[PDB]
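**Q** First the structure, which I've put down as structure tokens, then a few questions once you've had a look.
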Protein chains: 2
Amino acid sequence: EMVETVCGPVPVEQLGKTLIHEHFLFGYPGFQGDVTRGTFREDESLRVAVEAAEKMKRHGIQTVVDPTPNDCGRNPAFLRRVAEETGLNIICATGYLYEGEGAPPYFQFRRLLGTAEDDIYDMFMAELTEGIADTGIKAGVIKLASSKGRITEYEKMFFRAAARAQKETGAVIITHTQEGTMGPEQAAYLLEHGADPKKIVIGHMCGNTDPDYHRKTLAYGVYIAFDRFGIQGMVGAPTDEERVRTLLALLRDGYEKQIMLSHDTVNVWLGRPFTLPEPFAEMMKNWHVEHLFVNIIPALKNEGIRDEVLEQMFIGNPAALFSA
Amino acid sequence: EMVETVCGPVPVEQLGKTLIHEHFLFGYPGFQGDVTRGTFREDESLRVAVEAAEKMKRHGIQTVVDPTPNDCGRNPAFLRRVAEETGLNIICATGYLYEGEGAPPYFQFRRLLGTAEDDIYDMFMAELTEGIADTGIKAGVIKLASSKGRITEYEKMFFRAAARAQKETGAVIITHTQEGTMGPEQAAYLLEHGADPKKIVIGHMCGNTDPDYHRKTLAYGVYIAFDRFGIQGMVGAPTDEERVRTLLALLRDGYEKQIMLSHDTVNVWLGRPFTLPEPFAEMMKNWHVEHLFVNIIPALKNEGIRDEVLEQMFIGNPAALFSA
Ligand SMILES: [Co+2]
Ligand SMILES: [Co+2]
Ligand SMILES: [Co+2]
Ligand SMILES: [Co+2]
């Protein structure tokens, strides 16, 4: 009946309207080494993060799941500061990013020692049931990630440890898929290791534009996330128009009880500030926390998507996800 | 005349006996994510670090170059506390590890922006001439690293930036070579971009057992470092017996003014504590800061190496390296 937030245990029935995948703070592994020229502005970062939290509250959002990985500058105490100020429910994660964009050398070394999987399991259990560092904050979700075209041996260690921790705690698993690949394989690998499909969210599914690929993943009984609305412009990556077109094809087939939507925003970047190039910046202009409510939902309503369907995705599914 | 230490500028003539490559603190990238089970205890880490520094002092060591990379838990403030407690001169570095064992995602993203090399150069200049993070502590060396059998495009950015910074500051470059590869390639590439050979130390050269490989590197007029004494057991790393055999061959060939010696010890490991298996631990038993003086030096002196030659490597070469 309860889920661990950055402000302690909160009743699952009181979560309400939820964004399943947003980042208040995020940095690419290695940002720590650029501290001299990319200093952390704590007061300014809080101001921007609270501003983003207030923007979501104006659209009826009461809960945000922040799946910032452990190796990507996850800061539970900072998230608590945002939540204590706004009253917004924030659920943080425990886990690492995939091999290509994470920081693997540490657990790759423990893999050589032959304790890595047990060490990761131990980390998951400690952060889910005891607390993260000395913050007293317990993670409410386990974050997993896989590479493009394959789930690597490094990544599989985390997948097996998450499945073990999932059986012991009943925690929710949120995943990262790279470039619309490994969706069905993630679900398959987790289930055969004992994980509950009703507690798994396969993320970044909007990265694939083939409805058959989605149906194959949805066949496992898992949740899928169209969580990257706003991110477009890359040569291989899909557009928001292609995302909606894929979403409408699944809502026609009646998969609403298994679909959730988000933006995957990075509200405050860790490390040195940057500016996107002229063509890319224009294509990424819609990448903000209000995009779904201002642009996407009205476009869905014009296609004939009912309010009950939208409320099932934003309110119903998160409530069913965190419930035992 | 002067060199930047963690306590400020120190006369190069006062550096005395120096260990060119030792780590007081070190963590594999990703250690930050294991904060709950691998918390950094500053006070007990300082005790172990001071204990290591005092063991160096037993053998007349007055200066240590600590080339811990930015992405490997480099902590100049901690090193300052070690230096103040012991009276030891500690020179720290600016730089990142190689692609395979470092944290590349951050500066790989900045390459997509097209500013990475300039950003890295800017970082080098800041930390060599202005101060690291929230301190006035300046780095005294630039740390570079390459992969096995290749200097990757990612790595080449740091090499080009280092050569640029070297030309403008006169700073020392110290390198990491992976598994006895790329020694000549590193020297050649640095000199292509205008770096001063008398200011370059090609590291981990003991990882190769072919004297011709060393002579190819030495022909560039650079320093080479037999800096991993004590590290044995792994494929395909050499034994201390093989290191000594290679070292003796070069010393008898008259290369003493280009050679420096170290252990590459990690005195305090960042992250979760670990234990090596007994067959591996027995092979690594001599990996400590006293090894060169208690085991290697008496073995060298029995093989005809005079105290003057030893003092040339430990005192003369570091003095010449840091001098204009
Ligand atoms: Co992701
Ligand atoms: Co994300
Ligand atoms: Co090294
Ligand atoms: Co080293």
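Please note that chains go A, B, ... in the order of the structure tokens, that every chain numbers its residues from 1, and that ligands are numbered from 1 in the order shown.
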Please report, as JSON lines, each residue of chain B lying at most 10 Å from chain A, together with the nearest pair of atoms and the separation in Å rounded to one decimal; use only C-alpha atoms, and order rows by chain and ascending residue number.
**A**
{"residue": "B:27", "atom": "CA", "partner": "A:106", "partner_atom": "CA", "distance": 7.7}
{"residue": "B:28", "atom": "CA", "partner": "A:106", "partner_atom": "CA", "distance": 4.8}
{"residue": "B:29", "atom": "CA", "partner": "A:105", "partner_atom": "CA", "distance": 5.6}
{"residue": "B:30", "atom": "CA", "partner": "A:103", "partner_atom": "CA", "distance": 4.7}
{"residue": "B:31", "atom": "CA", "partner": "A:106", "partner_atom": "CA", "distance": 5.7}
{"residue": "B:32", "atom": "CA", "partner": "A:71", "partner_atom": "CA", "distance": 6.5}
{"residue": "B:33", "atom": "CA", "partner": "A:70", "partner_atom": "CA", "distance": 4.3}
{"residue": "B:34", "atom": "CA", "partner": "A:123", "partner_atom": "CA", "distance": 7.1}
{"residue": "B:35", "atom": "CA", "partner": "A:133", "partner_atom": "CA", "distance": 5.9}
{"residue": "B:36", "atom": "CA", "partner": "A:133", "partner_atom": "CA", "distance": 4.2}
{"residue": "B:37", "atom": "CA", "partner": "A:123", "partner_atom": "CA", "distance": 6.6}
{"residue": "B:38", "atom": "CA", "partner": "A:133", "partner_atom": "CA", "distance": 9.0}
{"residue": "B:39", "atom": "CA", "partner": "A:133", "partner_atom": "CA", "distance": 7.4}
{"residue": "B:69", "atom": "CA", "partner": "A:33", "partner_atom": "CA", "distance": 8.0}
{"residue": "B:70", "atom": "CA", "partner": "A:33", "partner_atom": "CA", "distance": 4.4}
{"residue": "B:71", "atom": "CA", "partner": "A:33", "partner_atom": "CA", "distance": 4.9}
{"residue": "B:72", "atom": "CA", "partner": "A:33", "partner_atom": "CA", "distance": 8.1}
{"residue": "B:73", "atom": "CA", "partner": "A:33", "partner_atom": "CA", "distance": 8.3}
{"residue": "B:74", "atom": "CA", "partner": "A:33", "partner_atom": "CA", "distance": 8.3}
{"residue": "B:94", "atom": "CA", "partner": "A:33", "partner_atom": "CA", "distance": 9.0}
{"residue": "B:95", "atom": "CA", "partner": "A:33", "partner_atom": "CA", "distance": 8.2}
{"residue": "B:96", "atom": "CA", "partner": "A:33", "partner_atom": "CA", "distance": 7.6}
{"residue": "B:100", "atom": "CA", "partner": "A:105", "partner_atom": "CA", "distance": 7.8}
{"residue": "B:101", "atom": "CA", "partner": "A:105", "partner_atom": "CA", "distance": 5.3}
{"residue": "B:102", "atom": "CA", "partner": "A:105", "partner_atom": "CA", "distance": 7.0}
{"residue": "B:103", "atom": "CA", "partner": "A:30", "partner_atom": "CA", "distance": 4.8}
{"residue": "B:104", "atom": "CA", "partner": "A:30", "partner_atom": "CA", "distance": 6.3}
{"residue": "B:105", "atom": "CA", "partner": "A:101", "partner_atom": "CA", "distance": 5.3}
{"residue": "B:106", "atom": "CA", "partner": "A:28", "partner_atom": "CA", "distance": 4.8}
{"residue": "B:107", "atom": "CA", "partner": "A:30", "partner_atom": "CA", "distance": 7.4}
{"residue": "B:108", "atom": "CA", "partner": "A:101", "partner_atom": "CA", "distance": 9.3}
{"residue": "B:109", "atom": "CA", "partner": "A:28", "partner_atom": "CA", "distance": 8.0}
{"residue": "B:110", "atom": "CA", "partner": "A:274", "partner_atom": "CA", "distance": 8.5}
{"residue": "B:112", "atom": "CA", "partner": "A:276", "partner_atom": "CA", "distance": 9.6}
{"residue": "B:113", "atom": "CA", "partner": "A:276", "partner_atom": "CA", "distance": 6.9}
{"residue": "B:114", "atom": "CA", "partner": "A:277", "partner_atom": "CA", "distance": 9.3}
{"residue": "B:115", "atom": "CA", "partner": "A:274", "partner_atom": "CA", "distance": 9.4}
{"residue": "B:119", "atom": "CA", "partner": "A:37", "partner_atom": "CA", "distance": 8.8}
{"residue": "B:120", "atom": "CA", "partner": "A:34", "partner_atom": "CA", "distance": 8.6}
{"residue": "B:122", "atom": "CA", "partner": "A:37", "partner_atom": "CA", "distance": 8.1}
{"residue": "B:123", "atom": "CA", "partner": "A:37", "partner_atom": "CA", "distance": 6.5}
{"residue": "B:124", "atom": "CA", "partner": "A:36", "partner_atom": "CA", "distance": 9.8}
{"residue": "B:126", "atom": "CA", "partner": "A:36", "partner_atom": "CA", "distance": 7.3}
{"residue": "B:127", "atom": "CA", "partner": "A:36", "partner_atom": "CA", "distance": 7.3}
{"residue": "B:130", "atom": "CA", "partner": "A:36", "partner_atom": "CA", "distance": 9.5}
{"residue": "B:131", "atom": "CA", "partner": "A:36", "partner_atom": "CA", "distance": 7.8}
{"residue": "B:132", "atom": "CA", "partner": "A:36", "partner_atom": "CA", "distance": 5.6}
{"residue": "B:133", "atom": "CA", "partner": "A:36", "partner_atom": "CA", "distance": 4.3}
{"residue": "B:134", "atom": "CA", "partner": "A:36", "partner_atom": "CA", "distance": 7.7}
{"residue": "B:135", "atom": "CA", "partner": "A:36", "partner_atom": "CA", "distance": 9.4}
{"residue": "B:270", "atom": "CA", "partner": "A:106", "partner_atom": "CA", "distance": 9.9}
{"residue": "B:271", "atom": "CA", "partner": "A:106", "partner_atom": "CA", "distance": 8.5}
{"residue": "B:272", "atom": "CA", "partner": "A:119", "partner_atom": "CA", "distance": 9.0}
{"residue": "B:274", "atom": "CA", "partner": "A:113", "partner_atom": "CA", "distance": 8.2}
{"residue": "B:275", "atom": "CA", "partner": "A:113", "partner_atom": "CA", "distance": 8.1}
{"residue": "B:276", "atom": "CA", "partner": "A:113", "partner_atom": "CA", "distance": 7.2}
{"residue": "B:277", "atom": "CA", "partner": "A:113", "partner_atom": "CA", "distance": 8.0}
**Q** How large is the C-alpha RMSD when chain A is optimally fitted onto chain B, using all Cα positions paired one-to-one in sequence order?
**A** 0.3 Å
**Q** DSSP on the backbone, then: every residue of range 82-309 of chain A marked strand (DSSP E), written as a ChimeraX atom specification.
**A** /A:89-94,141-145,172-176,200-202,223-226,259-261,266-269
**Q** Using only C-alpha atoms and all ligand atoms, which residues have at least one atom no more than 12 Å from ligand 4? Output them as a ChimeraX atom specification.
**A** /B:19-28,65-69,72,74,92-93,95-98,101,143-145,174-178,202-204,225-229,231,262-267
**Q** I need the alpha helix (DSSP H) residues of range 43-274 of chain A per DSSP on the backbone, written as a ChimeraX atom specification.
**A** /A:43-57,76-86,105-113,116-129,153-169,183-191,211-218,240-252
**Q** Find, counting only C-alpha atoms and all ligand atoms, the residue in A:196, A:290, A:179, A:311 that gets nearest to ligand 1.
**A** A:179
**Q** Near residue 297 in chain B, within 10 Å and counting only C-alpha atoms, which residues show up once chain neighbours fewer than 5 positions away are dropped, as a PDB file with N, CA and C atoms, in the first residue's frame?
**A**
ATOM      1  N   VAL B 244      63.220  -6.000 -13.875  1.00  0.00           N
ATOM      2  CA  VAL B 244      64.623  -5.801 -13.504  1.00  0.00           C
ATOM      3  C   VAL B 244      65.552  -6.152 -14.672  1.00  0.00           C
ATOM      4  N   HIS B 291      58.747  -1.300  -1.645  1.00  0.00           N
ATOM      5  CA  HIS B 291      59.237  -2.380  -2.512  1.00  0.00           C
ATOM      6  C   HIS B 291      60.513  -2.061  -3.294  1.00  0.00           C
ATOM      7  N   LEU B 292      60.569  -0.877  -3.900  1.00  0.00           N
ATOM      8  CA  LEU B 292      61.745  -0.460  -4.665  1.00  0.00           C
ATOM      9  C   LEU B 292      63.000  -0.418  -3.802  1.00  0.00           C
ATOM     10  N   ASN B 302      73.334  -5.520  -6.120  1.00  0.00           N
ATOM     11  CA  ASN B 302      74.030  -6.799  -6.269  1.00  0.00           C
ATOM     12  C   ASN B 302      74.353  -7.122  -7.730  1.00  0.00           C
ATOM     13  N   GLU B 303      73.670  -6.441  -8.648  1.00  0.00           N
ATOM     14  CA  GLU B 303      73.881  -6.622 -10.086  1.00  0.00           C
ATOM     15  C   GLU B 303      74.776  -5.539 -10.702  1.00  0.00           C
ATOM     16  N   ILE B 305      74.713  -2.079 -10.068  1.00  0.00           N
ATOM     17  CA  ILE B 305      74.175  -0.720 -10.125  1.00  0.00           C
ATOM     18  C   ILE B 305      74.618   0.074  -8.898  1.00  0.00           C
ATOM     19  N   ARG B 306      75.361   1.149  -9.145  1.00  0.00           N
ATOM     20  CA  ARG B 306      75.928   1.973  -8.080  1.00  0.00           C
ATOM     21  C   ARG B 306      74.902   2.958  -7.521  1.00  0.00           C
ATOM     22  N   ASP B 307      75.173   3.466  -6.320  1.00  0.00           N
ATOM     23  CA  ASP B 307      74.293   4.430  -5.653  1.00  0.00           C
ATOM     24  C   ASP B 307      74.130   5.734  -6.437  1.00  0.00           C
ATOM     25  N   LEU B 310      71.455   5.200  -9.060  1.00  0.00           N
ATOM     26  CA  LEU B 310      70.168   5.207  -8.367  1.00  0.00           C
ATOM     27  C   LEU B 310      69.735   6.629  -8.013  1.00  0.00           C
TER      28      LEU B 310
END
**Q** Find, counting only C-alpha atoms and all ligand atoms, the residue in A:59, A:148, A:160, A:243 that gets nearest to ligand 1.
**A**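 Of A:59, A:148, A:160, A:243, the one nearest ligand 1 is A:148, counting only C-alpha atoms and all ligand atoms.
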